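> an experimental structure, sequence included, is below.
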Amino acid sequence: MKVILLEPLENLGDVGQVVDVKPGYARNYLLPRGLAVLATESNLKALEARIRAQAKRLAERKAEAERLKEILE
RNA sequence: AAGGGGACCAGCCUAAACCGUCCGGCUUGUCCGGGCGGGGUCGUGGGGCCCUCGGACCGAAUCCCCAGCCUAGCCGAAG
Ligand SMILES: [Mg+2]
Ligand SMILES: [Mg+2]
Ligand SMILES: [Mg+2]
Ligand SMILES: [Mg+2]
Ligand SMILES: [Mg+2]
Ligand SMILES: [Mg+2]
Ligand SMILES: [Mg+2]
Ligand SMILES: [Mg+2]
Ligand SMILES: [Mg+2]
Ligand SMILES: [Mg+2]
Ligand SMILES: [Mg+2]
């Protein structure tokens, strides 16, 4: 089963990285502890939504710093 | 079993594309989920979004009234 890696763990990957593991391991170990959530059609919209929200903040921050860069010097 | 001949007819509501409304989750959102309204119900596919042109008659399976009907009866010829 596909899941999203909530907390960065060892020998698995990056925080937020999608990883497919044996479902029983996640049903007995990962999900009850709140360390993982399986990848649905909705949390893809929510993961694209938070990544694109960090991008909506980033594109504002760096562009404002570049406009102020055009103001200074 | 198909079919033919008869009895009888009546076709519809939703899930979901779409919008709106509130809700509450914290993970702060063009986020998700859960409610309600609207929008929708197709097979020579059909609808949703975008735009173009065009813009009364049907009709309940629900309701009301009216004919009609059963739960008593009545008249009813002449030794
Ligand atoms: Mg590994
Ligand atoms: Mg705890
Ligand atoms: Mg810098
Ligand atoms: Mg300087
Ligand atoms: Mg057969
Ligand atoms: Mg037949
Ligand atoms: Mg009805
Ligand atoms: Mg009559
Ligand atoms: Mg009669
Ligand atoms: Mg009577
Ligand atoms: Mg007489």
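The structure has been received and is ready for your questions. Numbering: from 1, shown residues only, chains lettered A, B, ... in the order given. Ligands and ions are numbered 1, 2, ... in the order given.

> around RNA strand B, which positions in chain A sit nearby?
Applying CB under 7 Å from any atom of the strand, one finds that chain A approaches RNA strand B through A:41-43, A:45-46, A:49-50, A:52-53, A:56-57. For the C-beta atoms, the positions are set from N, CA and C on the backbone; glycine is no exception.

> now do residue A:19: how many residues are near it, please.
Residue A:19 has 16 neighbouring residues, counting by other CB atoms under 10 Å.

> state the distance from it to RNA strand B.
19 Å (CB to the nearest atom of the strand, to the nearest Å).

> which of the residues of chain A next to RNA strand B are buried?
Burial by neighbour count, 16 or more other CB atoms under 10 Å: within the residues of chain A next to RNA strand B this picks out residue A:43.

> quick one, longest helix in chain A?
Assignment by DSSP state H gives helix A:43-71 as the longest helix of chain A.

> list the contacts for the most centrally placed residue in chain A?
The centroid of chain A falls nearest to residue A:16 when counting by CA atoms, centre = their mean (3.5 Å). Shown in contact with residue A:16 (CB atoms under 8 Å, 6 or more residues apart in numbering): A:4-6, A:47, A:51.

> and of those, the nearest to RNA strand B?
Closest approach between those and RNA strand B, by CB to the nearest atom of the strand: residue A:47, at 8.4 Å.

> okay if I get the residues of chain A next to RNA strand B as CSV plus distance to residue A:21?
As requested, the residues of chain A next to RNA strand B are exported to CSV (distance: CB to CB, whole Å):
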residue, distance to residue A:21
A:41, 19
A:42, 20
A:43, 16
A:45, 22
A:46, 20
A:49, 24
A:50, 22
A:52, 26
A:53, 27
A:56, 31
A:57, 31
